[PDB]
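Chain IDs A, B, C, D and E follow the sequence of writing; residue 1 opens each chain.
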Amino acid sequence: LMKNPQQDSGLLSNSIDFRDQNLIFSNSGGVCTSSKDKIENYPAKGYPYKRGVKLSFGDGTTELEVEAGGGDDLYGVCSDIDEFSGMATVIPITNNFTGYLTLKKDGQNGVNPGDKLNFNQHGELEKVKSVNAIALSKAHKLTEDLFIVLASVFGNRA
Amino acid sequence: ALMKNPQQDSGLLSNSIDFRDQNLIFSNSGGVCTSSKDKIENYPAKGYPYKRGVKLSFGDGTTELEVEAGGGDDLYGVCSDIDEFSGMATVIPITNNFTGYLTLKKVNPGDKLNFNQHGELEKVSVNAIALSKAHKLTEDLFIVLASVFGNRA
Amino acid sequence: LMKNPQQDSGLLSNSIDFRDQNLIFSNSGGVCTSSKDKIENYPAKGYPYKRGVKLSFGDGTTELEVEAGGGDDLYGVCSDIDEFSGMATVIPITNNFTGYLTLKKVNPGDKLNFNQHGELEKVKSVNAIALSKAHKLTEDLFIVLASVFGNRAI
Amino acid sequence: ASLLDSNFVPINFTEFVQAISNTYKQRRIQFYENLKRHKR
Amino acid sequence: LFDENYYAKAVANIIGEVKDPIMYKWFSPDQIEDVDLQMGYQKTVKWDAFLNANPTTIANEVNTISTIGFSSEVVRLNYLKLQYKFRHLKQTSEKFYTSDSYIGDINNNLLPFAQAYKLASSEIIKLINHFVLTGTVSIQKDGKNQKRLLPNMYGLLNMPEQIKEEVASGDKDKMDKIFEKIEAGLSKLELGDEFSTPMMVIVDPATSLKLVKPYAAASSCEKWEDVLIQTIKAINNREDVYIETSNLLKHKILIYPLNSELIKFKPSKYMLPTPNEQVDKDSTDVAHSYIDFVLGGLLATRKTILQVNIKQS
């Protein structure tokens, strides 16, 4: 529920192996990043980290915000959050993205590389209509309810 | 009448004291928030498509292709600037998202907007989402802050 | 939910008056405290601060704990909590106490008893008398000055 | 270490910014020294 | 650096032409103290004591004594960093736009870097002044669509736990009713030990014109302003009372002392606009530059500011 674990650690980490040391929830950004990518930030409602975001409009006194969501209202994908300022870094749907994204905790075992994915109401990827997203790996379990997956999103589809 | 910079000269010096609501003018070219990684293209301009959606128009073949005000399934991009001396319109492709003021058909934040045949935004294919209510500059000129995110049904 | 509010204050406090400056949640202890009082500390199960506590037993792997409660299970009244260690300072029901206690959401001299959630309520088996009226610290948080002296007879 | 000093020569951008901060401070110091509020 | 970078030289040669902010009139020289922090927070601790109950009579033998309680309070001040971008003309491209009496493409609204920088700096300083007085950031004259800000970021007009007075709409033009509310607020003010200090009053222009009329059968040699100054001099130990007018306010009267102990302004040393080192360049003649500024740093004791709002229908 946070970019970095709230509870501290009791152990030092072992910096010996170099394989499979990236499947952590603190891994922000994307695995393959282009220097010609358009990057935005927005006020964040809730915790839309590693989730699809949509524009949220209030009464009018305050500016718009971004909240975890998908479906027909998908605006982009959140890749980073600064907790002090509550700023959510968002990559628009018109820009290509490849990274680890939150996966729905239902049939996550059935997710295999090369499977089509679409965003749900809560900004979580699920196995399939309107968004071009394909899983490049299998579900990796970080917590009893938290599952992440390597996926590539390359715009909307007809 | 519709040019970005009015031809009629001003009678009086403006009062440069206030700092609020001084950007809702038709001369405001570009976008409110612009990234250094945006793709922009100039094209020969057919008509006056400033602050309107544009579509590719082909002649007989003697001259190159140009851009004209339009939308619908033929929409190609959004015109954000124009140079009258050269008749070159700066076009941001539909594949690139844009945020700025655009012409609205003669509306509250959150409304879904699609471009019409004349390159004017109208309430609902969805291409952009309204960020504010219509602002009237002339009896027929209505602008609106909108954010374009490509095409989606 | 917390003895010391988590959110930092935005303003300095005004400290020129001297009246009615004690109706705060962080007022641990009692209004009138005797130097001959018996004080205990227990592991805390939840947030029983300024509430009636009862003994809670786990599965026997670890020592017992105290949780908010009352009725026929009352053991004492919690008056302070050390958040770092999770220790709850408890004064046993056999030792009389006078202080501000959580009130269920009342005139002075009314008889009070502890409910299932360790909150005082108007009346049976506990000698507790309210010495003032309810002070509203939050939309759901009410405190009251009360004196608890042993338990009654049924 | 201020822009008001003609002899000042910024070696790098960081020193240039520090001179700006010093220059702003000296100006507000100067402003209060020259300020004379109207009583009554 | 000046030899290598033209923009650095241009800013240094033009920084002296930017006018000082108007907020400085609102604070005493000692009330402002700069801090070295771009983004983050600063914390302070205050200690209070209170009496739990009536004192205990020491007669014969007694064990239960009334207690004196203590409480801690931690105050945090937040800081925020904001940035703006503006387009301008490349330095080498100025010679092809120089004209008889101006430089820049009038038809396309393009300017040299120097003039663009000065105009943007003035606009930002206007924005900063609005925030300090009113505690909000917005560009609409209606004040809506405000930028969401971090907590512990307040201005003089939105500071919580202060005395707030409202003048009824029907008495909007009745100066006696307005002065009545001011006195009620003045009575509830709690200066305490820090009373022998100068006081500051800020009013909107409409209020100021009402003040200058003679006091009311009208009196002679006595204006509503003079009566008000005497009333404030009653509670500040006959100290100086300053009155300023600000167009930023609208039907609002702000009264607060000018003592560093009660209200202090700790702005960042980088609050005022500063150029960024990053300059976008392209094959065309159009370049972009960035300006940074820092907000926050206002600290005030509670119930030490009087805020009078004159409701207009």
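The rule is simple: a contact is a pair of C-beta atoms (placed from the backbone, for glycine too) under 8 Å apart; a residue touches a chain by one contact, two chains touch by 3 or more.
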Partner chains that chain B and chain D have in common: E
Selected interface, A-B versus A-E, where C-beta contact pairs are more numerous: A-B
Nearest-to-centre chain - CA centroid comparison: E
Chain C-chain D separation of Cα centroids, rounded to whole Å: 58
CA centroid of chain B to CA centroid of chain C, Å: 66
Centre-of-Cα separation between chain B and chain A, whole angstrom: 32
Mean-CA-position distance for chain E and chain D (Å): 21
Residue list for chain C, restricted to those that touch at least two other chains: none
Shared interface positions of chain E, touching two or more other chains: 145
Every chain pair meeting the contact rule: A-B, A-E, B-E, C-E, D-E
In the complex with chain E, residue positions of chain A that touch it: 43, 60-63, 65, 84-86
Chain E residues touching chain A - in the complex, by the definition given at the top: 39-40, 80, 143-148, 150
Chain D contact footprint on chain E (complex, rising order): 1-2, 5, 8, 12, 15-16, 20, 24-25, 29, 32, 34, 226, 229, 240, 242, 269-270, 272, 274, 277
Residues of chain E that touch chain B when the two form their complex: 85, 87, 106-109, 123, 126-127, 130, 138-141, 145, 247, 280, 288
Interfacial residue positions of chain D with respect to chain E in the complex: 3-4, 9-13, 15-17, 19-21, 23-25, 27-28, 31-32, 35, 37-40
